[PDB]
Amino acid sequence: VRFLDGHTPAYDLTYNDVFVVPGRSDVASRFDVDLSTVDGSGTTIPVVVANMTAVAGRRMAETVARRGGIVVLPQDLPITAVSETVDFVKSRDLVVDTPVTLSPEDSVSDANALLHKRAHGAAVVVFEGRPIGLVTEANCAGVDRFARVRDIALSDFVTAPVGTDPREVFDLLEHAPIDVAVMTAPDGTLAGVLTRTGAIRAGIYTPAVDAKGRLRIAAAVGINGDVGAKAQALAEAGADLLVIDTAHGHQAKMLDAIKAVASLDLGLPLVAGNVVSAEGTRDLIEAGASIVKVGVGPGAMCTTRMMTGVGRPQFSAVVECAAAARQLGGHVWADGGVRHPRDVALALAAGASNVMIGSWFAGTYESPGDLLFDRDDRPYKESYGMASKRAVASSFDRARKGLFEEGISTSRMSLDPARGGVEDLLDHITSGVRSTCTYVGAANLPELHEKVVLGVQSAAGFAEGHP
Amino acid sequence: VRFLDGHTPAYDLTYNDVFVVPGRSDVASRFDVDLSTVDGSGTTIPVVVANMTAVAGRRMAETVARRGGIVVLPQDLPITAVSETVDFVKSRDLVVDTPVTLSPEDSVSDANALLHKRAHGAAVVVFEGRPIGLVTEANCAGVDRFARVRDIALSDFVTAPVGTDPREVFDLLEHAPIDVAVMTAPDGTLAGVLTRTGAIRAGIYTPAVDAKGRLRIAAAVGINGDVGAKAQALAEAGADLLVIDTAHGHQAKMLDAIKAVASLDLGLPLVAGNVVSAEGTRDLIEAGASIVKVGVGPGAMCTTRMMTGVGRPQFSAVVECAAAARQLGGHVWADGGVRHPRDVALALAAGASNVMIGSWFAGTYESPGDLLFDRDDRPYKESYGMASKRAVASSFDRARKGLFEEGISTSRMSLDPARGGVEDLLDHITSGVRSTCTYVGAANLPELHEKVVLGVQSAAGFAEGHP
Amino acid sequence: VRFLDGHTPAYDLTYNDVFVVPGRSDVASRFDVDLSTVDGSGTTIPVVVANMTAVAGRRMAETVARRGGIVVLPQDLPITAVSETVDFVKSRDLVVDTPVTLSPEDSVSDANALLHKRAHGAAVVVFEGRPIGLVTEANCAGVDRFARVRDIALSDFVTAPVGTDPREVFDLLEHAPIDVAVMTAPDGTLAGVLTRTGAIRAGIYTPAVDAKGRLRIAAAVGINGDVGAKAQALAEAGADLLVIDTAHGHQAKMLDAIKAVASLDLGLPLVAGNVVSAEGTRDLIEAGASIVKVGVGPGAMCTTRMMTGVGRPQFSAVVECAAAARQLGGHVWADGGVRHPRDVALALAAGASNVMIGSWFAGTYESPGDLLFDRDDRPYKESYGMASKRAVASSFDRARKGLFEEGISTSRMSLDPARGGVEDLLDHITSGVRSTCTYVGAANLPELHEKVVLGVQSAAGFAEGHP
Ligand SMILES: Nc1nc2c(ncn2[C@@H]2O[C@H](COP(=O)(O)O)[C@@H](O)[C@H]2O)c(=O)[nH]1
Ligand SMILES: Nc1nc2c(ncn2[C@@H]2O[C@H](COP(=O)(O)O)[C@@H](O)[C@H]2O)c(=O)[nH]1
Ligand SMILES: Nc1nc2c(ncn2[C@@H]2O[C@H](COP(=O)(O)O)[C@@H](O)[C@H]2O)c(=O)[nH]1
Ligand SMILES: Nc1nc2c(ncn2[C@@H]2O[C@H](COP(=O)(O)O)[C@@H](O)[C@H]2O)c(=O)[nH]1
Ligand SMILES: Nc1nc2c(ncn2[C@@H]2O[C@H](COP(=O)(O)O)[C@@H](O)[C@H]2O)c(=O)[nH]1
Ligand SMILES: Nc1nc2c(ncn2[C@@H]2O[C@H](COP(=O)(O)O)[C@@H](O)[C@H]2O)c(=O)[nH]1
């Protein structure tokens, strides 16, 4: 990638150590740039939710797929749950979000705990398939925790049929006391709930769909055990994309797994990682992988940097691997070390065909975890590492292996008190990437890579601007 | 050592300034790599406990020797105590740990204070050489501090003969209320205590033993006074390895001491330090030393960096000295600046034949110190510097020398509330080194040095990953 | 009642202002005295749970009725709920407590919130009427809040048939990991759960039962509206005792209500209040009431003392009214101002045929409220006053009446961290009353009244003893 004159630092650079120099721009507005990825994963935004059990669930899968990004299901997961999640996601409206359906016999405690499963802020009490009420934080508060939800003073909702343009439902919700509105099927059954900002987003983002027009989804497999059988069963389960993940993506087991999956000829794009070296990417590409995950160590839950000293600063690894893959025709997914939208913008600028968010999305409403509360009542969630799920594998043998195994690290990802949903994190990331495109003057991601110029900055250079 | 292309920093690098780039790996698991050292010290793990009076004791000596690492006894120690410690260590079971033996006439206060001498969490009340009870933090609490230990409501213990495989004692302790189990001699006398995790570790680690199959131990001498007589008496005392330590290992006194010890022809491997220069290592090797300690200043208790400005970043000194020693056939021990297992992994990667832990192990159960408690009740221990014990030497003369002498610095090394024993610190270090081997793809430490590739990282590069 | 010589204070005395002087005693132990009441309410202990919606529920009703005390259902309650509660209570085992029955399809959050409904500390997961598991605070913690209770790692329980003596189940639970044991019906269906301390209490307390051997229960009616119809419907609903409660029990409306209920000839004992004057008790007795509630103002939730200045110190009012009622043959229930068992003992000593606890029992596991948690995580519950439910009665009229109406006062009754159940509060109260009987030397409550001698004490007199 192009660098400023005289910029040959004697160290690998991270995201905080680099910056983008704006160039001559012809892109008028942020909406004039398209974020469609070229990697073949079919994501209209360069965002992938990581294959972490704390960040990858059915709700996040459907939400991000509707917003145009693919979601990788966590590895080492019972294929029954995988099939259930895939069937759930593929049966979702391309525009309307699936609400928190509440049976009239549910308790107040269950309703209150479920209200935070989604970012809508309200839950639908539905009887016999017909929506009969709405609950929120207001009517639920004060009443007894174990009273039935049929006696929670159900509020009135704005009902509209499925197929009305986002304009009409938007103006319908201009003065609505409750932001959400129930999209009902023509027969009268509830089909979903659409929000004011959801109506806004329905036009900006184009949902990522497969050849059959269903929300794309992905799943991950390890290398321990029969990789071929697991990958084949995953492909038959309906997963659009297969991701083979391990702590070290340059070992012979990784190459054998990629070779087996490629020989299976499943037709789905191939994703392997992680390698932070050009030779590792070359080996993975020659092994039969179309997409290469890059980054071992920058992950916010990754510990190997402190325990082993291995790793690489994310930006330099991403740019070198992207150069290698583009030399061999392959494509690159940056993984780990993403905490600000500048990280996404720089990862795409370095040459990566896509970026993968990880534990940042764990601090969202839709992450498959428990929304706990701290002492100061600030919302947050616990993010865990994959640990043995990303590692190559009687009571004695189990405990002996577990003694030397890296512990499951835990972190507290705080929720935004106002913009807590993953919708708003995606909005921030996409706005940052669009602004980067406008500053560079690129109409698309390949043009972003081609026309970006990057400079090096010191520690004090990062202090410039408002945090 | 191999470095990334374009990495020629204009400054000496420390451990935080370098990282290991993973390469093509054929090592399947962490257990597939052996950590046996080539230096001739006969340690099966690359860990040496420093010659500090706050970190080197009989308990740490026997524990680390059983786990495969050598321990250097502190210098300026009465040879009577040295002989007692060496005889104690050489008379230890290669598998079973020596417990806290409690006579029935001991007080409750003594039992409670002794319970934290070892990591077992329980102490054995033994009468006439026969184990009769077990005490822990539960039964001891609440009872009067000065009641006899024969009335502390002794609990029941799992008794097994010496020679049962760790499998059998492991399954015997699966549902045991007390984790420890008493290994008894065939005549019925108590021979030791083995723990559940001790049973686990008995197979993973191979104890470091001499030609007679006894736990290896080492001792240290200074340069002031007759070095030859002290070294000869130490060799006759039973010490396997001799370490000659001083603040400045490049002075003429150091060379004279090494020359005298080499002329003694004691047969034990020779260890001298510290020098952070290639010429210093060359002089030490030519003086008759097989192993060279490197690092003056990076020590967590070392003050000379702030008082004098002398020293060197540990990683660059280690790699340069290792290159010099391997040119002359000598071998290198990194000393100081070890706080994370990444430090050990990088020290071995730089070319050092071994690493020496130091004050990190002072915050353990087995360190020869007093387990004090802070206000927040978090366990911790006080680590002190060697000071004049590592420096070259009437009331007037004594006080005059002491006025200019560096004060004995003190630090508070906190105990891990759960994994406080040195067994678990060794587990963490060994797991980190094994993971580094797998990431590099090395089957042994020489292969680790040969096949490692190191890059340079900025300050923000160290922030990547979970702390 | 007898007083010490020279004790003629010029002020009405409260419980803190009086004390009992022990006399010549022939009662050997506390178990040698019986606490059976003479008032005809058929309570074997002198404890009545108040007609407060925050303290009177089905769980408290059944528990206190099994322990020998009657419970007055709150007034202004839908007779459908009254009938449901009465049928639930009358269908309870005289020895075994009804546990927290958990269907296998309940969520983890519901199970955790339900676990604190009873004092057993464990909940029974029952399938098809057959107990299949037990949950507690241990197995529930850590697992996902919305996982099904069929996957909460159900524990094993001690199963015994219904009819085994408390001795056998007591010894069965001597070493049981879970204190509770499931009493199962002969056909195998679950009939209840009995605890270790429940087995202990099954012999000490004799359950209060009606002529048909069913747990006695009581209900309350106001004076506004048709008192006769409400009282008759309550009697047909199965309530054993009728309590007519109002803020001022000396008004003409109170007398008319008592006259109507007496003319109804329902056969149940008559309870009216509150009057703190001898003339008020005389009027209530002549109106057709057998039992008179005494005390307006001492109630821990009562506010009229601060707002209006009306009221009376509880002890003097109780003793004067008891003297008047015993002159006319009526009987007295002390109400309000009970916070320590000394209050109960003094109320019975003053001459009251019974005492009524009130908001003290609101801070229990079985109180019909929500067990909330404070910042320091100390358990507690919110106690509310009856307000308009104890007061004599369009939007304009409603708001106009509510403007001048006393607000529903709220108090925080803290739970005992260990002895939080109402079983243990009853144990404390009964132990205090039994000890008072032994100190006086009385074999029964009438003997307590006859043989008690009371003295007056100053403010500093109350400081004597351990708080
Ligand atoms: N009643 C109800 N529970 C829901 C709904 N969505 C999620 N849940 C709860 O959340 C669980 C799955 O959590 P997830 O994996 O989707 O974060 C379900 O098994 C169920 O307990 C909903 O619409 N209604
Ligand atoms: N070595 C290691 N990497 C992990 C673990 N958990 C997650 N990761 C890596 O870190 C990524 C997420 O980090 P993030 O992008 O949130 O900073 C994952 O996609 C995965 O590549 C773990 O336990 N160990
Ligand atoms: N009674 C008793 N004291 C012990 C035992 N192990 C260590 N100690 C105490 O610890 C002292 C030595 O401490 P160390 O140098 O081993 O940390 C001994 O002199 C003795 O007071 C043991 O097994 N039993
Ligand atoms: N100059 C100096 N070095 C010390 C002193 N105490 C320990 N050291 C050095 O620091 C090492 C331990 O440091 P650590 O490895 O714990 O950071 C020792 O092995 C020794 O080389 C002291 O008082 N002065
Ligand atoms: N599932 C279940 N809910 C119970 C049980 N006992 C009480 N509850 C809950 O508590 C409510 C009544 O509370 P209460 O008035 O008894 O304090 C019920 O409607 C129900 O929601 C029980 O055994 N099982
Ligand atoms: N005036 C008045 N008395 C109340 C109210 N709530 C409860 N009480 C009285 O206070 C009694 C309970 O008080 P405690 O016995 O807990 O101190 C009740 O039985 C009733 O007599 C209220 O809101 N106003």
# chains A, B, ... in the order shown; residues from 1 in each chain; ligands from 1
>>> interface_residues(of="chain B", to="chain A", cutoff="8 Å", atoms="only C-alpha atoms", output="tab-separated table (two decimals) with C-alpha atoms, in the first residue's frame")
chain	number	residue	atom	x	y	z
B	6	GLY	CA	13.44	-3.47	7.68
B	7	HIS	CA	13.62	-3.83	11.48
B	8	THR	CA	16.82	-2.06	12.53
B	9	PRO	CA	15.75	0.04	15.53
B	18	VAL	CA	9.67	-7.18	20.75
B	19	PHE	CA	7.31	-9.90	19.59
B	20	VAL	CA	7.51	-13.34	17.99
B	21	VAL	CA	6.04	-13.91	14.52
B	22	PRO	CA	4.55	-17.43	14.28
B	23	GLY	CA	5.91	-19.60	11.50
B	24	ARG	CA	5.07	-22.88	9.78
B	25	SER	CA	4.47	-25.31	12.64
B	26	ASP	CA	4.51	-29.10	12.79
B	27	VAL	CA	4.23	-29.36	16.59
B	28	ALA	CA	0.69	-30.59	17.21
B	29	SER	CA	0.25	-29.90	20.93
B	167	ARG	CA	-3.59	-42.27	38.14
B	170	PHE	CA	-5.85	-39.06	41.27
B	200	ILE	CA	-1.55	-34.14	37.50
B	201	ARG	CA	1.89	-32.50	37.43
B	204	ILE	CA	3.80	-33.53	32.82
B	340	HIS	CA	5.18	-12.34	32.54
B	341	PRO	CA	5.70	-15.69	30.79
B	342	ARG	CA	6.23	-13.71	27.58
B	343	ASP	CA	9.45	-12.48	29.18
B	345	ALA	CA	9.59	-16.97	26.06
B	346	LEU	CA	11.41	-13.97	24.58
B	427	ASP	CA	2.56	-24.02	35.12
B	428	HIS	CA	1.86	-20.60	33.60
B	429	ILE	CA	5.48	-20.11	32.53
B	431	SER	CA	2.42	-23.24	29.23
B	432	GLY	CA	3.57	-19.94	27.75
B	433	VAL	CA	6.88	-21.39	26.60
B	435	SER	CA	2.70	-22.25	23.27
B	436	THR	CA	5.60	-20.16	21.97
B	439	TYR	CA	3.58	-20.97	17.38
B	441	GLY	CA	6.93	-24.69	15.33
B	455	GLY	CA	9.72	-8.18	15.14
B	456	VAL	CA	9.75	-4.75	16.75
B	457	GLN	CA	6.61	-3.14	18.17
B	458	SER	CA	5.81	0.35	19.41
B	459	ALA	CA	4.22	1.37	22.72
B	460	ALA	CA	0.71	0.96	21.32
B	461	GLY	CA	1.65	-2.48	20.01
B	464	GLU	CA	-3.01	-5.33	21.87
B	465	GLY	CA	-4.64	-8.29	23.59
B	466	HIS	CA	-6.11	-8.93	27.01
B	467	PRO	CA	-3.79	-7.81	29.87
>>> residues_near_ligand(ligand="ligand 5", cutoff="9 Å", atoms="only C-alpha atoms and all ligand atoms", output="ChimeraX atom specification")
/A:107,144-148 /C:57-60,85,98-103,106,110-111,114,117-118,123-124,366-370
>>> write_last_selection(atoms="C-alpha atoms", output="CSV table (one decimal), in the first residue's frame")
chain,number,residue,atom,x,y,z
A,107,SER,CA,-44.3,-13.6,34.3
A,144,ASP,CA,-45.1,-7.3,41.3
A,145,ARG,CA,-42.3,-9.3,39.7
A,146,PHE,CA,-44.3,-12.5,39.4
A,147,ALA,CA,-47.6,-11.1,38.3
A,148,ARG,CA,-48.8,-12.4,35.0
C,57,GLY,CA,-50.9,-13.7,52.0
C,58,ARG,CA,-51.6,-17.3,51.3
C,59,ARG,CA,-48.1,-18.5,52.2
C,60,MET,CA,-48.0,-16.6,55.5
C,85,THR,CA,-56.6,-18.4,49.3
C,98,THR,CA,-46.0,-26.7,50.7
C,99,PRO,CA,-42.8,-26.1,48.7
C,100,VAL,CA,-42.0,-24.0,45.6
C,101,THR,CA,-43.3,-26.3,42.9
C,102,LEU,CA,-41.4,-25.8,39.7
C,103,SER,CA,-42.6,-27.0,36.3
C,106,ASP,CA,-39.9,-22.7,33.9
C,110,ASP,CA,-38.3,-17.6,37.5
C,111,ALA,CA,-36.7,-20.4,39.6
C,114,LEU,CA,-39.3,-18.2,43.4
C,117,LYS,CA,-40.8,-17.3,48.3
C,118,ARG,CA,-40.3,-19.9,51.1
C,123,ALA,CA,-37.3,-25.5,45.2
C,124,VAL,CA,-38.8,-28.7,43.9
C,366,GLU,CA,-43.3,-15.7,53.3
C,367,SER,CA,-44.8,-12.2,53.3
C,368,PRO,CA,-46.8,-11.4,50.2
C,369,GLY,CA,-44.3,-9.0,48.7
C,370,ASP,CA,-41.3,-8.7,46.5
>>> select_by_dssp(residues="range 175-301 of chain C", states="alpha helix (DSSP H)", output="JSON, numbers by chain")
{"C": [196, 197, 198, 199, 200, 201, 202, 203, 204, 227, 228, 229, 230, 231, 232, 233, 234, 235, 236, 237, 252, 253, 254, 255, 256, 257, 258, 259, 260, 261, 262, 263, 264, 278, 279, 280, 281, 282, 283, 284, 285, 286]}
>>> atom_distance(atom1="CA of residue 351 in chain A", atom2="CA of residue 387 in chain A")
28.3 Å
>>> residues_around(residues="range 220-230 of chain A", least_positions_apart="2", cutoff="7 Å", atoms="only C-alpha atoms", output="MDAnalysis selection string")
chainID A and resid 51 72:76 232:234 242:246 253:254 257 260:261 390 392:393
>>> select_by_dssp(residues="range 320-379 of chain A", states="strand (DSSP E)", output="list in words")
residues 331, 332, 333, 334, 335, 354, 355, 356, 372, 373 and 379 of chain A
>>> write_last_selection(atoms="N, CA and C atoms", output="compact mmCIF listing (two decimals), in the first residue's frame")
# COMPACT_ATOMS: atom_id res chain seq x y z
N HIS A 331 -8.24 -13.30 -0.76
CA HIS A 331 -8.81 -12.15 -0.07
C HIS A 331 -8.65 -12.32 1.43
N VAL A 332 -8.71 -11.20 2.15
CA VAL A 332 -8.25 -11.13 3.53
C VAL A 332 -9.33 -10.58 4.45
N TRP A 333 -9.47 -11.22 5.61
CA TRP A 333 -10.33 -10.75 6.69
C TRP A 333 -9.44 -10.40 7.88
N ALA A 334 -9.44 -9.13 8.27
CA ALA A 334 -8.76 -8.73 9.49
C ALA A 334 -9.58 -9.19 10.69
N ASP A 335 -8.90 -9.70 11.72
CA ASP A 335 -9.58 -10.21 12.89
C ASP A 335 -8.83 -9.71 14.12
N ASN A 354 -12.19 -7.58 4.24
CA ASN A 354 -13.24 -7.46 5.24
C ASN A 354 -12.60 -7.36 6.61
N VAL A 355 -13.39 -6.91 7.59
CA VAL A 355 -12.94 -6.87 8.98
C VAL A 355 -13.96 -7.62 9.82
N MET A 356 -13.49 -8.14 10.95
CA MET A 356 -14.29 -8.96 11.84
C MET A 356 -14.22 -8.36 13.24
N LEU A 372 -25.95 -8.07 32.42
CA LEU A 372 -25.78 -7.82 33.84
C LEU A 372 -25.64 -6.32 34.10
N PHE A 373 -25.74 -5.96 35.38
CA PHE A 373 -25.66 -4.57 35.81
C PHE A 373 -24.56 -4.43 36.85
N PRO A 379 -25.26 -0.38 32.35
CA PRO A 379 -25.40 -1.68 31.69
C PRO A 379 -24.08 -2.14 31.08
>>> closest_residue(among="B:420, B:213, B:295, B:329", to="ligand 4", atoms="only C-alpha atoms and all ligand atoms")
B:295
